[PDB]
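Chain naming here is simple, since letters A, B, ... match the order of the sequence lines and numbering starts at 1 in each.
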Amino acid sequence: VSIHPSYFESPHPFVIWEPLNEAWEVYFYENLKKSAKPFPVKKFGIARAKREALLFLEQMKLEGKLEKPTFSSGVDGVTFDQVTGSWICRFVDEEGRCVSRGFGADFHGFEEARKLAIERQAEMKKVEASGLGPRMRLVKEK
Amino acid sequence: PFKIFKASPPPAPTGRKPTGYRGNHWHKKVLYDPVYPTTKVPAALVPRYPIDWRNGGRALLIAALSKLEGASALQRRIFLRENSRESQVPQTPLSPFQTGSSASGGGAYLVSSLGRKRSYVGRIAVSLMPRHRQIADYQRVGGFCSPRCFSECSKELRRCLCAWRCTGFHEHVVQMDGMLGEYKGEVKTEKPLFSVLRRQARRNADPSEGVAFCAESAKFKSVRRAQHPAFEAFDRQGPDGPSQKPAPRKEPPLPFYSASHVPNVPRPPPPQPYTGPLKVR
Amino acid sequence: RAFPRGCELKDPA
Amino acid sequence: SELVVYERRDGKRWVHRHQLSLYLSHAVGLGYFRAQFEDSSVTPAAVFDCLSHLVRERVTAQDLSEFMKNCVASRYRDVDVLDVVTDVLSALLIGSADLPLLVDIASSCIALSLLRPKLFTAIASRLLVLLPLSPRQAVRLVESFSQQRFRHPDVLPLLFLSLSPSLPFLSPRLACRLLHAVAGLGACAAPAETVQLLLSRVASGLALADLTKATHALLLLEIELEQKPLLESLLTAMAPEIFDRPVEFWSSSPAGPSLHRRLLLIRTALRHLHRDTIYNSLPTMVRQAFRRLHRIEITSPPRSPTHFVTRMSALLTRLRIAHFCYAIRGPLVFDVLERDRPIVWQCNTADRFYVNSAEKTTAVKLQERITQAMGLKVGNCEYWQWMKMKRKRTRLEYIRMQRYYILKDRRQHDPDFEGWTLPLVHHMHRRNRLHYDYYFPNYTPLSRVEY
Amino acid sequence: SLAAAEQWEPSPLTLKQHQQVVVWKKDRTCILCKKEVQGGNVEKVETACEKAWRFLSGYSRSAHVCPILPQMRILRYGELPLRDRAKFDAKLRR
Amino acid sequence: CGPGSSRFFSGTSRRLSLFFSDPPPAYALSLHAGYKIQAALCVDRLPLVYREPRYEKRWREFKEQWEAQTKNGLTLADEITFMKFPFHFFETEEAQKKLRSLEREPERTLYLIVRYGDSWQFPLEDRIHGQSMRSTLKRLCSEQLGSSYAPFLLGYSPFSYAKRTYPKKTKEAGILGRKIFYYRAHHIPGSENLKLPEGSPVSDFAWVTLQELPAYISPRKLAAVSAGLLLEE
Amino acid sequence: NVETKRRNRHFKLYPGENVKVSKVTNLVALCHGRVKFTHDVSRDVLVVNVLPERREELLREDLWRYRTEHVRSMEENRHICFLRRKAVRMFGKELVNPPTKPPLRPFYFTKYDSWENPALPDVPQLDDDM
RNA sequence: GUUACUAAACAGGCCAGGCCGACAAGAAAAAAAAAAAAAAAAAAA
RNA sequence: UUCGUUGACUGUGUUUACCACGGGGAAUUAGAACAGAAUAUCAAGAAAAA
RNA sequence: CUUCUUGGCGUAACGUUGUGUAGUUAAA
Ligand code: FES
Ligand code: FES
């Protein structure tokens, strides 16, 4: 067919033209995850596929599904990592290094993993603030 | 003589397990296909000739030559090849220790060996050449200077001098000659490979234009004729547009009738990947 | 909100 | 075998000299110390005295601080011994240190280029008690924290409050140093007015080192566009000095290579980020000075490779991905560079993040900006992710999916919140594989695969 | 530069760092030698096993000369971590 | 750096054709994005004498001595040491008891440099449209250096490339500049030296070491070539 | 002579997400979910995936998640499976009309049991998230 | 959402029912190179 | 590497793809749990000033 | 910081049941 090149320009960052499938993909967030719905030209036609993609974008905007989910714990140095799906806690090891530990949400439970991370960070913070190195003992004389 | 009507050697008989006679085990799929696994041929069933002086004594002679030259030369050649294939761009100097402060590594071979936890014993085992292909390759490029002299030294009688006393600046000369003399184009094989493929140079986009001087205007002008701009674009960039008619027939129309519209196979095979050189950014 | 339980919370402890 | 730390009524702390020597000997190794001292008869009891002599009944924080000063003076930069000594000093610092001593220890840590978060945590805890600091000492402490990447929530506001009354009256050089430290710490580590005040002081005001520090601070703060007049003035002031100084100053002088690296970094940033905006509009003198600097090859000190980068390289090799490790592009070093595609793999370690934070440092961010402006795509593997994965199969799956995410030319949405299901980290069936072992369609290497 | 590298005089500290060392991958017993080993243990190459030293130095064409040769990991002393260096200092002093 | 016509030459044709093309050549040139293509040859002569590092000699001698003491060395039996071939030479000690010269500076590496007027550079030639760089190099050797001079070429690929943009007046003629691709070569030992063919654009030639190269060639050309030049300090 | 044949039998399909390969090369599921198909343009083969989901009503507005789609690489196949998937195990979702009765009886007892018998009591569903 | 099963005729023809305690199971590791030349050893780990 | 090894295990749990039935047996799931024994593979190794 | 592998191979997969051999009963 004959089509102007401006057809493939999208007016919103969440609306993308996918040329392999020749479809308009609309991104959104559902159930604390990212999803994309395609609108194919083979289904709707040239102009109608884009029109329906824009209408679905407006629907998701009204539903509030364009907002980025956020995971926070309120404790500095403890944050959720998507790549490993784990709660990461950062502290200082015995060697005086900066080290981290990751507790798996799939295994422990999301909140269980968060709690384990926070408690481990607190324990290591206590040990570090103590100040004693390896194989060290504190004695007070008066 | 040198020129001769050479016969095509008969293919070597690949063995087979005496099973699965009713099935086609020679599909053209690539190892290791999840749904088209390839049948293995045990090494104990591959037909091999009995060992005589032609296949055993020659190996013994080449092994004695390698012993005289020293396994250290073979180890050094292998190490130099492996480091060269991976250090084709300027690296930062690397020490083998966190606190040496003075010792230098000697190549990215260090990084690769540390990452793979490669076997110190394994390198010696490889250099000792326990395999037929290894001995055959030493008989062909066994010379220490091979990156620069190739197989020219394969029969030289004072070749061990390179192994004994080719060091330092001479090793640098060997490497610098080899880098310029090595192949840099596409390798074309149907055999399986599993190692990092050797580099293929990228190719520049534009071609060169021929220009000749014209005194009528005292300027240089293109040798090629003008032609229409559309014809120039077709000649340069390609067919233009997303669809065009097939190439016109270049042979005289056949007197007989043939069903030339019929495709070669009912179900065409999948498209072949482009193995040629990539463009330059 | 409630969360689904992990593999650990499903073993016969 | 073990060390004992004693505490007095008045809060002082100390250890026995003999016990300290035995502890150091057993912690490092008497063979190592014998080799270092060039004597096979050195007993464990004399190790501390021998070290003191090399760098020249109770040992204290002042004694260990003096040891650090002597180590800096004699260019003794052994990391194991310094780590043990710093552990002991961190133990001793509690309740027995004065402000000049804290400043001296911080400066020694800066000079030795050691990251000791435990020692600086102890220093911060002691400091909060001491102050309910001269401007020089405050600036030195701020520089120490910036070098340590320790964005401490408590002490930093205290130091900035102490410095607040003196900001209008700081000398240009002190202002440049403080601005560089603030840029290293991030613009959010100090009040809003601080950067404007420091820049105004610098503008009112200075050697080539101070000028390059100020320019690097601008680049780190990402205000080079908003501070064009100041950046142009800085470059104009520098260029005559760069021309005046001799050629060998950039290669032989102790302060030559680092200044050369910083100037080349400034050149690369201006070239690749603001070519049309700034670089091509610069004075011919500035451009000629930059060309003169660029003509000279840069020297880099030997470094050991990180096992993180080493394992990443090994996994790429297994995946048949051609790459180069520790490649050089101008003043930048790439942990891993791909041969057949324009992608740089960055194996970020803890030192590239602020202490106990998920945020990369300003230097890392600037390097990433330059790498992206050059046309290369950066794939970051965080150290905590690497440690959690911990396994060859998990890391291979991560490498494949991350490479696809970086190199894809279609479905170009925000990289964050992309799905991940790695083996033995997410729940999955055992035989659920994305990377079948050794299987490549058409024997095509992953370096040639078209995503 | 190149001249200094050729003229280099290794310090005793550098030589100690370059000292070779055997790290044992796993626990195992020798069949013919009856030696007992524990994983993670560190020994000197010279005294760890003479039969294995044969292959490691180039006076053996058999990789099975030492029955537990594959359980060896040959590293230089300077590459070891501080913990292992301090732990096994006594047995690596030469 | 400065190849200007005044410093290059005046009143000649072949010499100026290469660098300015002011007298237009008689063949078809080849431009790549408006820059004329040129091939440059960098012939080198390897050191005539062999030097061995002390650590190598020490390790070898110590290994021989250690093997002798421990009785672990090679056997080398008489039945495989003495079998009467024309090249036989061994005999036991017991039985015995019963600036233009190739020979210059034999302990270093030399590079052939050519003087185009007052400028010292490497041999250079233009590429005629449609012919290989190997053919261009062969023409360079046969017409500029010596009709019988045929150094060994290390490969078909260049080891470096450089660019030079003409001034405004010169580029107004339709050629923006010249781009040069450098190729390494070995002077085969025992081969005759150069003999400049009659009419050749070369004025003189020399064989200089790396240390002397900057004393003759411009720093820009030295920067262009040093990456590919061998390492010798 | 497979390359010359035309019947659809000779050309096998390929496993994808949450799918295994059997001894005779059958493609079998590995998780509780809903089937999806994909077309691999590079290899010109069909790929079978299973999107993990707990049992619930299949709505008309959710049918687009199981369309057959074109991909170039298995990495893109995994990406598409993630994008169309309904929810993740660690967060779950609000089930829309999930089943509440016991499962169908074993085949050897009765081949024609009734789905979600209202006369049977509600029993917990604690197997379809695995 | 979704096009895939399916060879009846004494129709046009196929069949060897067998191998392996392991270079044939198999952890980890490794694994087959364009053209031309050398060698005439059926040779990737 | 010329590299180990014998899970080509002993048992508890009646749930599961296909379907006249039989041979869950053209050759289906980690019935992801539980009680024993065995084999191979760990991880970490961060920080090189002026 | 849960756990890097594993109860053959087999593009002809062994003859079901029975008999015989063999295994099990401080219980079934
Ligand atoms: S082996 Fe050929 S020249 Fe050395
Ligand atoms: S340990 Fe006994 S022979 Fe090697």
Mind listing the side-chain donor-acceptor pairs of residues 183-192 of chain B below 3.5 Å, one per line with the distance, residues two or more places apart or on another chain?
residue, atom, partner, partner atom, Å
B:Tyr183, OH, B:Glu186, N, 3.3
B:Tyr183, OH, B:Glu186, O, 3.1
B:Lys184, NZ, B:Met179, O, 3.4
B:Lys184, NZ, B:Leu180, O, 3.4
B:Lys184, NZ, B:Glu182, O, 3.1
B:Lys184, NZ, F:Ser157, OG, 3.1
B:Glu186, OE2, B:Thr275, OG1, 2.8
B:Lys188, NZ, B:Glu186, O, 3.3
B:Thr189, OG1, B:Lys191, N, 2.9

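- Between the CZ atom of D:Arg395 and the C1' atom of I:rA44 there is a distance of 10 Å, rounded to whole Å.
- With salt bridges taken as basic N to acidic carboxylate O contacts below 4.0 Å, none links D:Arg433 and D:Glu397.
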Would you list the protein and nucleotides 17-20 of chain I atom pairs, both N or O, that sit under 3.5 Å from each other?
residue, atom, partner, partner atom, Å
I:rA20, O3', G:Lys111, NZ, 3.1

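- Applying the salt bridge (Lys or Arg N to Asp or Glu O under 4.0 Å) test to A:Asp81 and every residue at least two apart in sequence or in another chain returns nothing.
- A donor-acceptor pair is defined here as one N or O able to donate and one able to accept, closer than 3.5 Å; such a pair exists between the side chain of D:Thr394 and the backbone of D:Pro423.
- Among residues two or more places apart in sequence or in another chain, the side chain to side chain contact (heavy atoms under 4.5 Å, CB included) test is passed with A:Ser86 by A:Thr84, A:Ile88, D:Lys388, D:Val425.
- Taking the side chain to side chain contact (heavy atoms under 4.5 Å, CB included) definition, one finds that E:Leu69 meets it with B:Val121, E:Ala52, E:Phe55, E:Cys66, E:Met72, sequence neighbours left out.
- Listed by chain and number, the residues in a side chain to side chain contact (heavy atoms under 4.5 Å, CB included) with B:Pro277 are B:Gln200, B:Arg203, B:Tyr274 (sequence neighbours excluded).
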Under 4.0 Å protein heavy-atom contacts per nucleotide of nucleotides 27-34 of chain H, with B for base, S for backbone only and - for none: -SSBBBBB

Base-contact (B) and sugar-phosphate-only (S) positions in nucleotides 22-31 of chain I, heavy-atom cut-off under 4.0 Å, - elsewhere: -----BSSB-

Nucleotide-level pairing of RNA chain I, given in dot-bracket where Watson-Crick and G-U pairs need both distances under 3.5 Å and | marks other strands: ....|...((((....................)))).|............

N/O-N/O pairs, protein side and nucleotides 18-23 of chain H side, under 3.5 Å:
residue, atom, partner, partner atom, Å
H:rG18, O6, B:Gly20, N, 3.2

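- For G:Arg65, the side chain to side chain contact (heavy atoms under 4.5 Å, CB included) partners two or more places apart in sequence, or in a different chain, are A:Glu30, G:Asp62, G:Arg84, G:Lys86.
- Once you apply a 4.0 Å limit to the heavy atoms of chain G, the touched nucleotides of RNA chain J run 5' to 3' over J:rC9 to J:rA13.
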